[PDB]
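The block underneath contains the structure these notes are about, expressed in structure tokens.
Computation of the quantities below employed the complete heavy-atom set of this structure, encompassing side-chain atoms and omitting hydrogens, waters and symmetry-equivalent molecules. Below, chain A is the first sequence line, B the second, and so on; all start at residue 1.
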Protein chains: 2
Amino acid sequence: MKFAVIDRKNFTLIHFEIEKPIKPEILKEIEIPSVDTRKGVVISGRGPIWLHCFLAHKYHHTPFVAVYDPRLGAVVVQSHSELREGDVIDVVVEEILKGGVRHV
Amino acid sequence: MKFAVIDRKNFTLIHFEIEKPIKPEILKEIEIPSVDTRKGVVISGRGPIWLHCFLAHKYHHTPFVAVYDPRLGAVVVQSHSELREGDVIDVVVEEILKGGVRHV
């Protein structure tokens, strides 16, 4: 698995890509990218539902966690901030790519 | 949305079914089933990834949360118990249906 991390003013984007199909046992072994815990997180990538849930939990200490849905934007699934669950963060792919990508 | 809740000795199964396609705004409004917080939770159902992540977060206070995958069983995605992330709980549909279904 490969991560691409983009640090924006108010959130960090964590994009993952699965290069080979994965077994659940690797969740123990995944090295998750460190982030500024003072900003929320948007998680994006194609993978099994349990991988998204695992990643969303790993970032639960941040102000909010949102999960990217290509038909909506990033849906807030947990928040300890002004955002409510079910709110949407409108991420535009051409705007996010103006930021630096950190490859972990 | 409809929930079916099955209380087993060591975990509670929370199955959901979406009767009409849903907007993210309803996560605020969802009445989630109460469970014995002394047992972990297995979450099952067909729905958007953000709905699974939302439900997994709502049950994070229990000893563990697992997400059902029809090809594997229930994959542990968070745990504060003897289970490790990535472990699998082997649920057999004909055994779980021996239990009482609580409809919320």
Side-chain angles (χ1 to χ4, degrees), chain A residues 1-18 22 24-69 72-91 96 99-104, chain B residues 14 24 27-28 30 32 35 37-43 48-67 74-87:
Chain A
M1 286 188 59
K2 304 179 178 183
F3 293 92
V5 182
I6 305 187
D7 177 271
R8 321 285 302 182
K9 227 95 183 189
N10 289 307
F11 68 94
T12 303
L13 170 75
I14 293 149
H15 174 80
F16 65 83
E17 196 176 356
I18 295 182
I22 58 174
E25 60 186 18
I26 72 158
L27 300 181
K28 290 196 304 309
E29 315 159 345
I30 286 183
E31 307 163 354
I32 68 157
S34 62
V35 297
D36 189 348
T37 56
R38 301 176 298 185
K39 300 177 183 188
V41 165
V42 171
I43 299 167
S44 164
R46 300 187 227 251
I49 289 178
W50 41 265
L51 175 60
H52 289 96
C53 292
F54 171 81
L55 294 175
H57 172 62
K58 280 302 167 193
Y59 290 108
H60 79 281
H61 295 130
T62 67
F64 63 84
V65 181
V67 172
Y68 185 66
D69 181 334
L72 296 168
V75 176
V76 176
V77 297
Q78 43 194 293
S79 168
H80 302 97
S81 67
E82 54 181 321
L83 302 180
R84 290 97 42 92
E85 296 150 337
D87 289 349
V88 169
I89 300 175
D90 177 270
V91 286
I96 65 180
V101 176
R102 177 165 64 89
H103 292 267
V104 192
Chain B
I14 293 149
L27 300 181
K28 290 196 304 309
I30 286 183
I32 68 157
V35 297
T37 56
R38 301 176 298 185
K39 300 177 183 188
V41 165
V42 171
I43 299 167
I49 289 178
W50 41 265
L51 175 60
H52 289 96
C53 292
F54 171 81
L55 294 175
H57 172 62
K58 280 302 167 193
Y59 290 108
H60 79 281
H61 295 130
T62 67
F64 63 84
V65 181
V67 172
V75 176
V76 176
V77 297
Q78 43 194 293
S79 168
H80 302 97
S81 67
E82 54 181 321
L83 302 180
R84 290 97 42 92
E85 296 150 337
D87 289 349

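The side-chain hydrogen bond (donor to acceptor under 3.5 Å, both in side chains) search around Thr62(B) returns none, not counting sequence neighbours. For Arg84(B), the salt bridge (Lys or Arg N to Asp or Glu O under 4.0 Å) partners are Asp87(B), not counting sequence neighbours. Evaluation of the side-chain contact (heavy atoms from CB on, under 4.5 Å) rule for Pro48(B) yields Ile18(B), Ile22(B), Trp50(B), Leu51(B) as partners, not counting sequence neighbours. The salt bridge (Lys or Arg N to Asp or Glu O under 4.0 Å) check on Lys28(B) picks up nothing, with sequence neighbours excluded. Applying the side-chain contact (heavy atoms from CB on, under 4.5 Å) criterion to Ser44(A), with sequence neighbours excluded, gives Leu13(A), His15(A), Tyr68(A). Remark: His60(B) engages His57(B) in a ring pair (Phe, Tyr, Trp, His ring centres under 6.0 Å) (not counting sequence neighbours). With sequence neighbours left out, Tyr59(A) forms a ring pair (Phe, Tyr, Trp, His ring centres under 6.0 Å) with no residue at all. Remark: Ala56(A) pairs with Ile43(A), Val65(A), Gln78(A), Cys53(B) by the side-chain contact (heavy atoms from CB on, under 4.5 Å) rule, at least two apart or across chains. Every residue was checked against the side-chain hydrogen bond (donor to acceptor under 3.5 Å, both in side chains) condition with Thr37(B), not counting sequence neighbours, and none meets it.
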Evaluate side-chain contact (heavy atoms from CB on, under 4.5 Å) for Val41(B) paired with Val35(B), printing each intermediate quantity in order. CA-CA 8 Å; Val41(B) 165; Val35(B) 297; 4.2 Å; yes
If you apply the rule side-chain contact (heavy atoms from CB on, under 4.5 Å), what do you find for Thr12(A) with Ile6(A), and how did you get there? CA-CA 6 Å; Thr12(A) 303; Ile6(A) 305 187; over 6 Å; no
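Residues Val42(B) and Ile14(B) have side chains not in contact (no heavy-atom distance under 4.5 Å, counting atoms from C-beta outward). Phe64(A) is listed as a side-chain neighbour of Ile89(A), based on a closest heavy-atom distance under 4.5 Å. Contact of the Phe54(A) side chain with the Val75(B) side chain is not registered, since no non-hydrogen atoms from C-beta on lie closer than 4.5 Å.
Enclosure of atom CD in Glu31(A) is not indicated, since only 12 or fewer non-hydrogen atoms of other residues, nucleotides or ligands lie within 6.0 angstrom. Summarising the local packing, CG of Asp36(A) is surrounded by more than 12 heavy atoms from other residues, nucleotides or ligands at distances under 6.0 Å.
Within the structure, salt bridge (charged side-chain N to carboxylate O under 4.0 Å, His left out) pairs that include any residue of residues 4-17 of chain A comprise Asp7(A)-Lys39(A) (at least two apart or interchain). Residue pairs meeting the salt bridge (charged side-chain N to carboxylate O under 4.0 Å, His left out) criterion with at least one member in residues 49-69 of chain A, sequence neighbours excluded: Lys58(A)-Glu85(B), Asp69(A)-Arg71(A). Pairs passing the salt bridge (charged side-chain N to carboxylate O under 4.0 Å, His left out) check and including a residue from residues 40-57 of chain A, sequence neighbours excluded, do not occur.
Nearest heavy-atom pair, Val76(A) versus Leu27(B), reported as atom, atom and distance to 0.1 Å: O-CD1, 3.8 Å.
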